[PDB]
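Protein chains: 2
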Amino acid sequence: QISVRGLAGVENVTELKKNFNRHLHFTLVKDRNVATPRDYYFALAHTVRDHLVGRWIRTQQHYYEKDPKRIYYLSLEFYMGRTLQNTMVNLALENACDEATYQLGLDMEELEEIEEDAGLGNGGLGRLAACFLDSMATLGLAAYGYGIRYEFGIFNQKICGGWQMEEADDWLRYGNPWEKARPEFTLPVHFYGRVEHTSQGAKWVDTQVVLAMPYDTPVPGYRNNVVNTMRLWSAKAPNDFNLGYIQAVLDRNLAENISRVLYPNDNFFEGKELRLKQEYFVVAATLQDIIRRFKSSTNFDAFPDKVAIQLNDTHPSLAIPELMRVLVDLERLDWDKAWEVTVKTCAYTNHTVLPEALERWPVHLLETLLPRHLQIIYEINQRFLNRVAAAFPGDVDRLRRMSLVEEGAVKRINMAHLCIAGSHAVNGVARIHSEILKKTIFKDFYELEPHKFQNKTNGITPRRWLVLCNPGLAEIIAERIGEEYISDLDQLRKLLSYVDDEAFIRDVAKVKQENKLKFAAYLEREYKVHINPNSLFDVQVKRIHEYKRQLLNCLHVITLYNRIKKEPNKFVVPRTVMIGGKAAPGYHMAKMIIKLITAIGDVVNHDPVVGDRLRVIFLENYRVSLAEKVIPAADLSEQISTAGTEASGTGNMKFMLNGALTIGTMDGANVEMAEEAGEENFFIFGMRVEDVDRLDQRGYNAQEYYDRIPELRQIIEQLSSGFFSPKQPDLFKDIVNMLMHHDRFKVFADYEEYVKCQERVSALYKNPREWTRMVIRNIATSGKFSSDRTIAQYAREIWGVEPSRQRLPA
Amino acid sequence: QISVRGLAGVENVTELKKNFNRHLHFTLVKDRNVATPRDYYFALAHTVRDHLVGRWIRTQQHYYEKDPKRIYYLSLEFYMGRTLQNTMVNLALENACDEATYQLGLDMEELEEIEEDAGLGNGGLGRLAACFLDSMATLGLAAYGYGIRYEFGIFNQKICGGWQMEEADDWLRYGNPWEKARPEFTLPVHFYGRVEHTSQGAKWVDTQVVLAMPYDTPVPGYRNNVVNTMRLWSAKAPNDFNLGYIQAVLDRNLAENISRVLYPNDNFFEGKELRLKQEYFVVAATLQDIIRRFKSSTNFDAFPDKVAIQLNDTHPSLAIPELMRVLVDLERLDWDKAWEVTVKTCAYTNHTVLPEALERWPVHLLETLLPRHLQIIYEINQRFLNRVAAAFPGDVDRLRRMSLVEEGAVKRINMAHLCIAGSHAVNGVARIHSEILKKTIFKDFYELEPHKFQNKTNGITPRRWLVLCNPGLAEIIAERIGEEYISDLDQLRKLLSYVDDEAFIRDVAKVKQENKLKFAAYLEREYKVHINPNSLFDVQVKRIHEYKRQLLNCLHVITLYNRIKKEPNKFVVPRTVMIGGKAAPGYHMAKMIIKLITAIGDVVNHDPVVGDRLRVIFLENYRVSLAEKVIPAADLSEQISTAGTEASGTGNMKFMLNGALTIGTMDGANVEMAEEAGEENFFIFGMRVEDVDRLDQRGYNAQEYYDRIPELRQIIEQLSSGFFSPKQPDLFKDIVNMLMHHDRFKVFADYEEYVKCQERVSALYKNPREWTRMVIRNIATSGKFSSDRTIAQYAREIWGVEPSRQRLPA
Ligand SMILES: OC[C@H]1O[C@@H](NC(=S)N/N=C/c2ccc(C(F)(F)F)cc2)[C@H](O)[C@@H](O)[C@@H]1O
Ligand SMILES: OC[C@H]1O[C@@H](NC(=S)N/N=C/c2ccc(C(F)(F)F)cc2)[C@H](O)[C@@H](O)[C@@H]1O
Ligand SMILES: OC[C@H]1O[C@@H](NC(=S)N/N=C/c2ccc(C(F)(F)F)cc2)[C@H](O)[C@@H](O)[C@@H]1O
Ligand SMILES: OC[C@H]1O[C@@H](NC(=S)N/N=C/c2ccc(C(F)(F)F)cc2)[C@H](O)[C@@H](O)[C@@H]1O
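Chains as they are written, first to last, in the authors' numbering: chain A, 12 to 254, 261 to 314, 324 to 836; chain A', 12 to 254, 261 to 314, 324 to 836. A prime marks a further copy of an entry chain.
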């Protein structure tokens, strides 16, 4: 059908058809008279996965022979989404399978909708890990993703009476065709116990043992025949566990609860024991696996030449004292050599600046659970602080500021401080975030070791986030500039010479229109909701957090509503305002914001005077599969965090690549995005970081804004008095009180500029030719935000390895 | 190699070889350089199972088209053992796979040792269910086994310092190639709640829901291309279960614990709530599945013409009030018609007479867990007792004796009484057991409804228990009489005309010798134990129970030891005495008996004066796979339960078929076995049932025996004084006290006759030609004890369906 989806050869199509029927019969034990759509999906899935195995076996064989330096990417989250289409795309099988299934009398797109998301992450950090794995395979690096196989991923979100309900994401219910259990490689992980000191050093004894069972999932590169591995650990009780009889067997559950569920509280650090166990479990199992592989290459001096470990935030920070423990206690290296090896091996990526998100584990927890690790941490702290003392003699306050141990009511370990001390590199995830690290939160560490601090601006994979989710746009671009850009996204610059091309303009706008019709249909079909596809699609999708300022968007929405009611017979650009995202189950304010959004929808969507000039829809259960649908259909991307709070953002980049214009603050990656496209091609508004700092100095007084902006006052009055909650008039009192008296994120301060800027957006949209021309200049300059570029920078500047675009033999 | 194992055709062998390699690559994701023996087993397993699927799909298709009457065999236990060899045997693939694996450079027998036992049963009742499924498929009946998929089966037994230790049987750890999950057919099961009465009848409301997920396993007939289904239910939490957040997800475990583990307490009824839940779970899910299938045939008058439900003991007795509940409350049939349908549908098999084993559920349990079922049971009881009153007017004691409700401290439901009331047939499992039911324990019910009471003497499958475990014996028989006997075991009578055939005599004795060498080797290899293979193999294998009198065997063993020590230079027939079996974890006396056996071994096996004339070995972890090894190697089968206590026994029959002579009491099936072979060809001793009754009348005084038998006194003195426990002299005080003052099973009363009879055994064994001739007359008359015969009797006399030896088209 379309070019970039590969060849549908006669030989291939005939082969796919017969293997499909083979799987239906032998694998699924069905025949065509009993088979459901789900059976058909599984048959296709097995037919496709057959094509990975030879490539997977010989890639891993290749790494054994050539013995390159290995990259280990440690994360507690991998937000993978669906795998079928991604695999077809990366193997050039998409048109062939489409044809084969067509001739079998099936619609492949319908089968694709049956696959569950692998929802093993919360948001940006988890999705970043998934994009990175894809780029690492595409760039031919010998890379492994290591994490936990959660039985339950991020909860499915139901909206009930306007309110979020959570339900278990039982994603493994029907089986996972993309994993291979490897029970033969099961490893023991130890907990509790005590430390004994002997003549021959320390020994960790009387431990409880939990088994770590690995499951491998393939990660195919883009048409280079490379298939890397993601290894996820599952928790298993040992067989003499608790071993009246019946109870002992039932208590095996306690051990296995370690990998049962993903923590969804991305807002607020909770020092929960189960979470600590999860963090140690992935680290202990992974490091044994690493050392095993290394020993199959006594000389640990070569360890850093052969191993790189990337720590995705502080969640796997225990890798540092765990590597030390192994090297010192088990291999009997001396401390200094062990430390040298550890530092050269580990690197740390920070993904936030919000204080309440930082991991600070109570000492009494580490004492009971990991007694030997606390001792190692204490020793690291002493030696580190001795280095600080010698560099800044007499600076006693620096010492307490830099300590890994925080004193107070409860003593705590600062895991970020541990990571910086024990890593040769520390990076932020966009240029302004990295500068903020060096200037404010890790200033003392930067002064001590400026060489450690780097930037690696985030990216997204153009395979999933263009080719897969927006084939129409991929095709019209391919027609003009060829297919090479898919794995060299900088080529999109060549599109600049088409900004005045009437045909291209028409094609870009047509692709968008089709995307909007497709999504407007999806809404009616799966959610019985009626939207006008000629309106501007105004979309904000991301986790619900105060810093992300979904509330500022709410304020604009009500402003538009009030202006319509005021001058009903005046013309305004019609909008469909879509907001979506999950709230952490314990985050009251975020749950209230969701309720507000639905409450507004309830008023706005049923007002006859509004007609269909304004619609407000809450997008339920936002997740990778839904992002792949809504992003290609968007016209306006809302990226409106208070400057200084969004470390990078990556959703922003997905919208840019897919032909939406951006309204945003100079925050995170938005800055670099505006820089690449030109500030004239971006709707920038609001305080910069410096203005925020100024405001904090004087003190932020929300009342000032309320007193001087009558349009804002009106909104606040409506909220208080119960205009949006007729039956519970004080329903939103918490929200109003927060905005008026304790708003950490200065919602009111940006209100005027935001509304003004929104007027400029509406103006441009009235001129379709000029809207589309600006869109073209965005797409054309989105090349920098490919994760191939990000990963090539990690490889060269942190891990010390050269990427390669060369094919392995098929 | 050997005939009965089928053809190894050039085309077949080449096909098996390539499918093996296909599976190794695509299914296991290995290549020959990394593959372990386990990988090889799995590749063969997948290669073999491929041959079942077409047969499985068309058998079930056939039953849909022809719509025969369906047999549902309900059991909480299916002791299946291993499946690979059984499948090859039933499909005629054994020689072909042996060849194919040979040419691949593998030993198939070694691969077969890798498969775990499906240990989903305790002993005889569970193994009976497995033999029955095999015969039902072999006889072409449209039959389904329904049960629970336990995550953990019967525990593995470790012997530590002479003592039993239990460890979890994690049989699913590496995956089960013989099952197919069917999540699409998941059904809800309800618990707790309350009953509401409306105008439109009773309604069961406010229930907790647990999901039942079926797993199907094939059951192939012997070379007839029939493949029936065993469906096992697994417990799953519903997705809004408990739905702070983290805990809610972790508590899903509570629902799923229902199918976690098999109860191993075969000795003593424990009214544990979890066990009741298991019993209801299998019943509720199964009956919905049955009704579903029936409705795909309002007219429930045809229900008994289309459905038979066999209840394996009282464990699924809740099927009776559950069928009533559905028919009355949900389909709105009137009580009398519902009852008529239920009775004609259900039949009950009793597997014991021991009072402490009978299920008597406290009313307060059924009240909380199954409030509607208690009401239904009460109503059944009233109507039943009204029938009793009318038949035996004024007999008030009969009324209280026959009631389903037992009064007392705690009111209880007698589940056996429920089963008899609600079934059209009640059978025992051997002729003497069935007579005992009618004369003693169910006398009142027999007087009321004599037509209900039947006998169906147990059997074993000659596929597993001859062809599979003893190919050498199967072959030498096949040479003389052909292969037809394998599915028509009565043909073995033809062997009588060979009792004086010198060649046959020589061949029978040679097969036994090879079996003993093979087992003597297995012992040395896997357990570093040294046995003389020229000795008489004296074997008692079965669960450890007082009624089974492993203690009487212990007494004989010590007698032989004492007689040797007394006259060291006298000749005696050398013996290897092997005893094995698991004890229920809470059964103290049974655990003490195991300790005694090992303790004796410790003394006897290290006495230089004994040499190798006497060895005592405890066979660890007795289970189906071990039975398949030890039974063909046995010379003497010990079947020595107190007369009246072993309902049938089936191990007895396995030994008979495999060329061991039997020493036994006239108990259970032993009677019919002696009757078939001739009492001259059997070593019968001890009290008959009548003698036991007499002894109880006068009162059993153990002291009498102790006073009159000096050889017995000596043994008791040795036990008391600590001869077998030098470091803990009073270790066996419990055992001695039990024997002297509270022996329910009259061990001493049979002592003299037993020892005497054992002398007669030793005498015969000195004359090999005559030993073997008697062996031939046993094998030749073991035809009656085939489960094909047993099942043909159930089919004709209970279920009303005709068996068929006709092939389905391949
Ligand atoms: O879902 C049912 C079960 O299947 C099992 N898979 C087995 S037996 N073969 N896999 C083969 C395989 C082939 C190719 C690939 C891929 F995609 F190319 F990489 C992955 C796996 C899984 O181990 C188990 O966890 C799972 O629950
Ligand atoms: O760099 C990629 C993206 O990273 C994001 N950081 C995220 S998602 N941190 N998650 C923290 C977290 C903490 C605890 C937990 C929990 F619950 F304990 F399991 C889960 C997540 C940035 O906010 C974004 O600007 C950036 O683009
Ligand atoms: O062990 C890995 C997993 O495999 C799954 N099997 C799947 S996907 N195909 N089965 C095909 C099949 C073919 C033939 C037969 C047989 F023997 F002819 F009857 C049985 C099953 C199981 O459903 C799951 O419970 C299990 O854990
Ligand atoms: O007919 C076949 C054989 O059946 C046997 N009966 C057995 S095994 N009953 N099990 C009872 C039992 C009770 C409770 C439990 C438990 F633990 F709650 F789960 C398990 C088993 C007879 O004793 C034998 O003579 C006969 O040959």
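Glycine included, every Cβ here is placed at the ideal spot set by N, Cα and C.
Taking the alpha helix (DSSP H) that residue i belongs to, which residues open and close that run?
i, result
"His-34 (chain A')", "From DSSP, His-34 (chain A') is part of no alpha helix (DSSP H); its letter is neither H nor E."
"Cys-783 (chain A)", "777 to 791"
"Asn-579 (chain A')", "576 to 592"
"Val-266 (chain A)", "262 to 267"
Name the chain A' residues whose beta carbon is nearer than 8 Å to that of residue i?
i, result
"residue 320 (chain A)", "Since chain A is numbered 314 and then 324, with no step between, residue 320 (chain A) has no place in the structure shown."
"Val-266 (chain A)", "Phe-163, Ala-179, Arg-277 and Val-278"
Using a beta-carbon distance below 8 Å, is residue i in contact with chain A'?
i, result
"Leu-391 (chain A)", "no"
"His-36 (chain A)", "yes"
"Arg-427 (chain A)", "no"
"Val-278 (chain A)", "yes"
"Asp-42 (chain A)", "yes"
"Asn-30 (chain A)", "no"
For the beta strand (DSSP E) containing residue i, list its first residue and its last residue.
i, result
"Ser-245 (chain A)", "238 to 247"
"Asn-167 (chain A)", "167 to 171"
"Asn-325 (chain A')", "Neither: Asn-325 (chain A') is in no beta strand (DSSP E) and is coded neither H nor E."
"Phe-563 (chain A')", "562 to 567"
"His-768 (chain A')", "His-768 (chain A') -> no beta strand (DSSP E), and no H or E assigned at all."
"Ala-451 (chain A)", "451 to 454"
"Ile-159 (chain A')", "154 to 159"
"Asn-481 (chain A')", "479 to 481"
"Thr-112 (chain A)", "That residue, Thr-112 (chain A), is in no beta strand (DSSP E); its alpha helix (DSSP H) goes 105 to 114."
"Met-91 (chain A)", "89 to 92"
Using the beta-carbon count (16 or more within 10 Å), is residue i buried or exposed?
i, result
"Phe-410 (chain A)", "buried"
"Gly-261 (chain A')", "exposed"
"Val-436 (chain A)", "exposed"
"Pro-381 (chain A')", "exposed"
"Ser-86 (chain A)", "buried"
"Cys-495 (chain A)", "buried"
"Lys-542 (chain A')", "buried"
When you compare the CB of residue i with every CB in chain A, is at least one pair closer than 8 Å?
i, result
"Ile-68 (chain A')", "yes"
"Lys-191 (chain A')", "yes"
"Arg-184 (chain A')", "yes"
At a CB-CB cut-off below 9 Å, which residues of chain A' make contact with residue i?
i, result
"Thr-47 (chain A)", "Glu-195"
Just to confirm, does residue i get its C-beta within under 7 Å of one of the non-hydrogen atoms of ligand 6?
i, result
"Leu-391 (chain A)", "For the structure depicted, ligand 6 is absent and the ligand set comprises only ligand 1, ligand 2, ligand 3 and ligand 4."
Find the residues of chain A that neighbour residue i, judging by a C-beta separation of less than 7 Å, and give them in chain order.
i, result
"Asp-251 (chain A')", "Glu-178"
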